[PDB]
Each structure stands twice: as C-alpha cells, then as structure tokens.
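Peer 1: Starting off with a structure, shown below.
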Amino acid sequence: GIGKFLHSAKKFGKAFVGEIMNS
C-alpha cells in the first residue's frame with residue numbers, strides 16, 4: 001500500500017517533528 005505507508009510517513013512524521021520540537 002503505497003498510500004497508507006505514505007499516510008503513516010506523515011503522522012509518524014508529525015510525531016517526529018514533535019520529538020525534535022521537544023526532545
């Protein structure tokens with residue numbers, strides 16, 4: 001699913017952003 005994965009990429013991404021924002 002080259003769609004859901006991407007979806008996760010986003011979400012997970014956000015989560016990542018949050019990690020950087022708050023380490």
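Ordering of the structure tokens sets the chain letters (A, B, ...); residue numbers start at 1 within each chain; ligands are numbered from 1 in the order shown.
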Looking only at helix (DSSP H, G or I) from DSSP on the backbone, list the matching residues of chain A as a list in words.

Peer 2: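 Output for chain A, helix (DSSP H, G or I) only: residues 4, 5, 6, 7, 8, 9, 10, 11, 12, 13, 14, 15, 16, 17, 18, 19, 20 and 21 of chain A.
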